[PDB]
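Below: one structure, written as structure tokens.
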Amino acid sequence: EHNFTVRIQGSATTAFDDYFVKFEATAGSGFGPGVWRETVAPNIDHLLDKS
Amino acid sequence: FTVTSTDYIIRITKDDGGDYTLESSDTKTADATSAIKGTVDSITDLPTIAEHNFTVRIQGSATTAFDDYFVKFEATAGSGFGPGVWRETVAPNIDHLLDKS
Amino acid sequence: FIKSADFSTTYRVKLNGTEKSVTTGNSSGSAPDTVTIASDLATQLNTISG
């Protein structure tokens with residue numbers, strides 16, 4: 001499913017910490033094949049107050 | 001829909017030119033078939049023969065710090081259908097010329 | 001996610017500490033398929049309340 005968030009356990013043996021991957025359907029919505037890209041962890045404040 | 005077959009290739013073309021969905025699978029592993037459409041995963045999935053000037057997008061891996069790119073086809077015979085080469089090309093339907101005037 | 005299927009293989013799924021099982025047929029039976037195995041697992045774990 002698009003917008004699905006999964007965490008990948010990194011290997012500090014290779015000097016890379018953890019990261020996350022998000023999904024987006026090729027059809028643009030709903031269910032369907034797509035890409036997994038390095039994303040931000042969810043449920044975390046991520047915006048700057050522009051005011 | 002216009003459906004035609006040659007060798008192991010099933011050509012599909014919509015009469016009105018509109019888009020559609022495309023996906024196929026078998027009952028064992030879903031590997032023996034390749035429903036090419038728009039963009040795909042990796043260049044290893046490209047069939048050997050194709051039509052010249054055919055454009056397919058390849059999804060790059062930002063894990064490797066590389067963005068997307070495209071590949072175009074030119075037949076070895078120089079025209080029509082037949083074996084050919086895939087080379088890194090420009091995306092289609094985009095202005096790409098400079099007004100020399 | 002169910003990847004592949006093999007003859008005479010029992011599948012166990014543990015959710016919230018409870019386990020439901022399905023045993024596929026042997027070589028003399030039909031070729032097992034992930035679709036049917038997953039469907040059976042879904043309809044058996046669907047009985048779990050909540």
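Residue names in the structure tokens use chain letters A, B, ... in the order shown, residue numbers from 1 in each chain, and ligand numbers from 1 in the order shown.
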
So that I can check the surroundings of stretch 50-67 of chain B, please list as a CSV table (one decimal) with N, CA and C atoms, in the first residue's frame every protein, DNA and RNA residue that reaches within 10 Å of it, counting only C-alpha atoms and ignoring chain neighbours fewer than 2 positions away.
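Contents of out-v7.csv, freshly written:
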chain,number,residue,atom,x,y,z
A,34,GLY,N,4.9,-0.3,-6.6
A,34,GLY,CA,5.5,1.1,-6.4
A,34,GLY,C,6.9,1.0,-6.0
A,35,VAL,N,7.4,2.1,-5.4
A,35,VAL,CA,8.8,2.2,-5.0
A,35,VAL,C,8.9,2.4,-3.5
A,36,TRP,N,10.0,1.9,-3.0
A,36,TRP,CA,10.4,2.1,-1.6
A,36,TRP,C,11.6,3.1,-1.6
A,37,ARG,N,11.4,4.2,-0.9
A,37,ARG,CA,12.4,5.3,-0.9
A,37,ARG,C,12.7,5.6,0.6
A,38,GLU,N,14.0,6.1,0.8
A,38,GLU,CA,14.4,6.5,2.1
A,38,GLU,C,13.5,7.7,2.6
B,9,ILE,N,6.2,-11.5,-27.9
B,9,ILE,CA,5.9,-10.1,-27.6
B,9,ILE,C,4.4,-9.9,-28.0
B,36,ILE,N,5.7,-4.9,-19.5
B,36,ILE,CA,6.4,-3.6,-19.6
B,36,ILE,C,5.4,-2.5,-19.7
B,37,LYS,N,5.5,-1.4,-19.0
B,37,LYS,CA,4.6,-0.3,-19.0
B,37,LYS,C,5.2,0.9,-18.3
B,38,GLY,N,5.3,2.0,-19.0
B,38,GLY,CA,5.7,3.3,-18.4
B,38,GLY,C,7.1,3.1,-17.8
B,39,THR,N,7.2,3.0,-16.5
B,39,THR,CA,8.5,2.8,-15.8
B,39,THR,C,8.5,1.4,-15.2
B,40,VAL,N,9.7,0.9,-15.0
B,40,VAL,CA,10.0,-0.4,-14.5
B,40,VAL,C,11.1,-0.3,-13.5
B,41,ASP,N,11.5,-1.5,-13.0
B,41,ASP,CA,12.5,-1.5,-11.9
B,41,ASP,C,13.9,-1.3,-12.4
B,42,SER,N,14.4,-2.2,-13.2
B,42,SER,CA,15.8,-2.2,-13.6
B,42,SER,C,16.0,-2.6,-15.0
B,43,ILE,N,17.1,-2.2,-15.6
B,43,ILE,CA,17.4,-2.4,-17.0
B,43,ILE,C,17.5,-3.9,-17.3
B,46,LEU,N,14.8,-5.5,-19.5
B,46,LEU,CA,14.5,-5.1,-20.9
B,46,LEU,C,14.6,-6.3,-21.8
B,47,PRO,N,13.6,-6.5,-22.7
B,47,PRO,CA,13.7,-7.5,-23.7
B,47,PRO,C,14.7,-7.1,-24.8
B,48,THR,N,15.2,-8.2,-25.4
B,48,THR,CA,16.3,-8.0,-26.4
B,48,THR,C,15.9,-7.2,-27.6
B,69,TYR,N,16.3,7.9,-14.7
B,69,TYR,CA,16.8,8.2,-16.1
B,69,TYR,C,16.0,7.3,-17.1
B,70,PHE,N,16.2,7.6,-18.3
B,70,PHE,CA,15.4,7.0,-19.4
B,70,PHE,C,16.3,6.3,-20.4
B,71,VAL,N,15.8,5.3,-21.2
B,71,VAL,CA,16.5,4.6,-22.2
B,71,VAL,C,15.7,4.6,-23.4
B,72,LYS,N,16.3,4.8,-24.6
B,72,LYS,CA,15.7,4.8,-25.9
B,72,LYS,C,16.2,3.7,-26.7
B,73,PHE,N,15.5,3.3,-27.8
B,73,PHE,CA,15.8,2.2,-28.6
B,73,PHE,C,16.1,2.6,-30.0
B,74,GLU,N,17.1,2.0,-30.7
B,74,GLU,CA,17.3,2.2,-32.1
B,74,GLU,C,17.6,0.8,-32.7
B,75,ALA,N,16.9,0.4,-33.7
B,75,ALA,CA,17.1,-0.9,-34.3
B,75,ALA,C,18.4,-1.0,-35.0
B,76,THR,N,19.0,-2.2,-35.0
B,76,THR,CA,20.3,-2.3,-35.7
B,76,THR,C,20.1,-2.2,-37.2
B,77,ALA,N,19.0,-2.6,-37.7
B,77,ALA,CA,18.7,-2.4,-39.1
B,77,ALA,C,18.5,-0.9,-39.5
B,78,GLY,N,18.3,-0.1,-38.5
B,78,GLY,CA,18.1,1.3,-38.7
B,78,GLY,C,16.7,1.8,-38.8
B,79,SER,N,15.7,0.9,-38.9
B,79,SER,CA,14.3,1.2,-38.9
B,79,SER,C,13.5,0.0,-38.7
B,80,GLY,N,12.2,0.2,-38.4
B,80,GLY,CA,11.4,-1.0,-38.1
B,80,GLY,C,11.7,-1.7,-36.9
B,81,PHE,N,11.3,-3.0,-36.8
B,81,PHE,CA,11.5,-3.8,-35.7
B,81,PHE,C,12.7,-4.7,-35.8
B,82,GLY,N,13.4,-5.0,-34.7
B,82,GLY,CA,14.5,-5.8,-34.8
B,82,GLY,C,15.4,-5.6,-33.6
B,83,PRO,N,16.5,-6.4,-33.5
B,83,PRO,CA,17.5,-6.2,-32.4
B,83,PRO,C,18.1,-4.8,-32.4
B,84,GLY,N,18.5,-4.3,-31.2
B,84,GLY,CA,19.0,-2.9,-31.1
B,84,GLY,C,19.7,-2.7,-29.8
B,85,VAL,N,19.9,-1.4,-29.5
B,85,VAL,CA,20.7,-1.0,-28.3
B,85,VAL,C,19.8,0.0,-27.5
B,86,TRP,N,19.9,-0.1,-26.2
B,86,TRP,CA,19.3,0.9,-25.3
B,86,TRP,C,20.3,1.8,-24.7
B,88,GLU,N,21.1,5.8,-22.7
B,88,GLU,CA,20.5,6.8,-21.8
B,88,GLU,C,20.1,8.0,-22.6
B,89,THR,N,18.8,8.3,-22.6
B,89,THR,CA,18.2,9.3,-23.4
B,89,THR,C,17.5,10.3,-22.5
B,90,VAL,N,16.9,11.3,-23.2
B,90,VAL,CA,16.2,12.4,-22.5
B,90,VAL,C,14.7,12.0,-22.4
B,91,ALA,N,14.0,12.5,-21.3
B,91,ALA,CA,12.6,12.2,-21.1
B,91,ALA,C,11.8,12.8,-22.3
B,92,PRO,N,10.8,12.2,-22.7
B,92,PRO,CA,10.0,12.6,-23.8
B,92,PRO,C,8.9,13.6,-23.4

So that each row is one residue of chain C with an atom at most 9 Å from chain B, can you give its shortest atom pair and the distance in Å to one decimal, using only C-alpha atoms, rows by chain and rising number, as JSON lines?
{"residue": "C:3", "atom": "CA", "partner": "B:29", "partner_atom": "CA", "distance": 8.9}
{"residue": "C:4", "atom": "CA", "partner": "B:29", "partner_atom": "CA", "distance": 7.8}
{"residue": "C:33", "atom": "CA", "partner": "B:28", "partner_atom": "CA", "distance": 7.6}

Nearest-residue call for chain B, choices A:5, A:51, A:43, A:26, using only C-alpha atoms: A:26

message: Which residues are close to residue A:42, i.e. within 12 Å by only C-alpha atoms, leaving aside same-chain residues fewer than 4 positions away? Reply as a VMD selection string.
response: chain A and resid 3 to 7 19 to 22 46

Write the residues of the preceding selection, restricted to N, CA, C and O atoms, as a CSV table (one decimal), in the first residue's frame.
chain,number,residue,atom,x,y,z
A,3,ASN,N,2.0,5.1,1.0
A,3,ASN,CA,2.2,5.7,2.3
A,3,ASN,C,2.5,4.7,3.4
A,3,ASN,O,2.6,5.1,4.6
A,4,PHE,N,2.8,3.5,3.1
A,4,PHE,CA,3.1,2.5,4.2
A,4,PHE,C,4.6,2.7,4.6
A,4,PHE,O,5.5,2.9,3.8
A,5,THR,N,4.8,2.7,5.9
A,5,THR,CA,6.0,3.0,6.6
A,5,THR,C,6.6,1.7,7.2
A,5,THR,O,5.9,1.1,8.1
A,6,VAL,N,7.8,1.4,6.9
A,6,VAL,CA,8.5,0.2,7.5
A,6,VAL,C,9.9,0.7,7.8
A,6,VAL,O,10.6,1.4,7.0
A,7,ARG,N,10.4,0.3,9.0
A,7,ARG,CA,11.8,0.6,9.4
A,7,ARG,C,12.7,-0.5,9.0
A,7,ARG,O,12.4,-1.7,9.1
A,19,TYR,N,17.4,3.5,9.2
A,19,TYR,CA,16.7,4.4,8.4
A,19,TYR,C,15.3,3.8,8.1
A,19,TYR,O,15.0,2.7,8.6
A,20,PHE,N,14.5,4.5,7.4
A,20,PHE,CA,13.1,4.1,7.1
A,20,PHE,C,12.8,4.1,5.6
A,20,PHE,O,13.5,4.8,4.8
A,21,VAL,N,11.8,3.4,5.2
A,21,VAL,CA,11.4,3.4,3.8
A,21,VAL,C,9.9,3.5,3.7
A,21,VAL,O,9.1,2.9,4.5
A,22,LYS,N,9.4,4.3,2.7
A,22,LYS,CA,8.0,4.6,2.5
A,22,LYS,C,7.6,4.1,1.1
A,22,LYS,O,8.4,3.9,0.2
A,46,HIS,N,8.3,17.6,12.2
A,46,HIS,CA,9.2,17.7,11.1
A,46,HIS,C,9.1,19.0,10.3
A,46,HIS,O,9.6,19.1,9.2

When DSSP works through the backbone of this structure, what residues of chain B end up as strand (DSSP E), shown as an mmCIF file with C-alpha atoms, in the first residue's frame?
data_model
loop_
_atom_site.group_PDB
_atom_site.id
_atom_site.type_symbol
_atom_site.label_atom_id
_atom_site.label_comp_id
_atom_site.auth_asym_id
_atom_site.auth_seq_id
_atom_site.Cartn_x
_atom_site.Cartn_y
_atom_site.Cartn_z
ATOM 1 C CA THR B 2 -5.251 -3.075 -30.514
ATOM 2 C CA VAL B 3 -3.566 -6.368 -29.586
ATOM 3 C CA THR B 4 -0.923 -7.986 -31.789
ATOM 4 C CA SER B 5 1.636 -10.735 -31.230
ATOM 5 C CA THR B 6 5.034 -11.620 -32.666
ATOM 6 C CA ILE B 9 5.880 -10.140 -27.587
ATOM 7 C CA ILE B 10 2.252 -9.022 -27.273
ATOM 8 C CA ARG B 11 1.905 -5.447 -28.529
ATOM 9 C CA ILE B 12 -0.954 -3.417 -27.039
ATOM 10 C CA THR B 13 -2.201 -0.033 -28.258
ATOM 11 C CA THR B 39 8.450 2.821 -15.792
ATOM 12 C CA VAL B 40 9.987 -0.411 -14.490
ATOM 13 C CA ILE B 49 14.238 -6.851 -29.358
ATOM 14 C CA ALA B 50 12.015 -3.775 -29.486
ATOM 15 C CA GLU B 51 10.834 -0.953 -31.728
ATOM 16 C CA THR B 55 11.064 5.124 -24.560
ATOM 17 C CA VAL B 56 11.042 3.412 -21.154
ATOM 18 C CA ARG B 57 11.812 4.977 -17.769
ATOM 19 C CA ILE B 58 14.011 3.256 -15.177
ATOM 20 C CA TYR B 69 16.811 8.158 -16.074
ATOM 21 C CA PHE B 70 15.416 6.975 -19.401
ATOM 22 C CA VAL B 71 16.524 4.612 -22.169
ATOM 23 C CA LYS B 72 15.701 4.804 -25.885
ATOM 24 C CA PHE B 73 15.777 2.159 -28.613
ATOM 25 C CA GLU B 74 17.323 2.158 -32.084
ATOM 26 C CA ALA B 75 17.069 -0.913 -34.299
ATOM 27 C CA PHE B 81 11.480 -3.822 -35.652
ATOM 28 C CA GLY B 82 14.550 -5.844 -34.752
ATOM 29 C CA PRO B 83 17.479 -6.153 -32.353
ATOM 30 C CA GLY B 84 19.028 -2.930 -31.146
ATOM 31 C CA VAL B 85 20.651 -1.021 -28.313
ATOM 32 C CA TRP B 86 19.283 0.863 -25.297
ATOM 33 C CA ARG B 87 21.057 4.131 -24.464
ATOM 34 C CA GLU B 88 20.544 6.787 -21.801
ATOM 35 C CA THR B 89 18.154 9.283 -23.388
#

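Running DSSP on the backbone and keeping only alpha helix (DSSP H), the residues of chain C that qualify are residues 34, 35, 36, 37, 38, 39, 40, 41, 42, 43, 44 and 45 of chain C.
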
Option closest in space to chain A, from B:16, B:68, B:7, B:95 [counting only C-alpha atoms]: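 Closest to chain A of all the choices is B:68.
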
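The gap separating atom CA of residue B:33 from atom CA of residue C:30 is 23.0 Å, in Å to one decimal.
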
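The smallest atom-to-atom distance between residue A:27 and any of B:15, B:31, B:1, B:22, using only C-alpha atoms, is found for B:22.
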
- request: In Å, rounded to a single decimal, give me how far atom CA of residue C:11 is from atom CA of residue C:27.
  value: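 Those two atoms sit 16.4 Å apart.
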
- request: Fewer than 6 positions away in the same chain doesn't count, so skip those; otherwise give me all residues within 12 Å of residue C:22, counting only C-alpha atoms, as a PyMOL selection string.
  value: chain C and resi 8-13+32+36-45
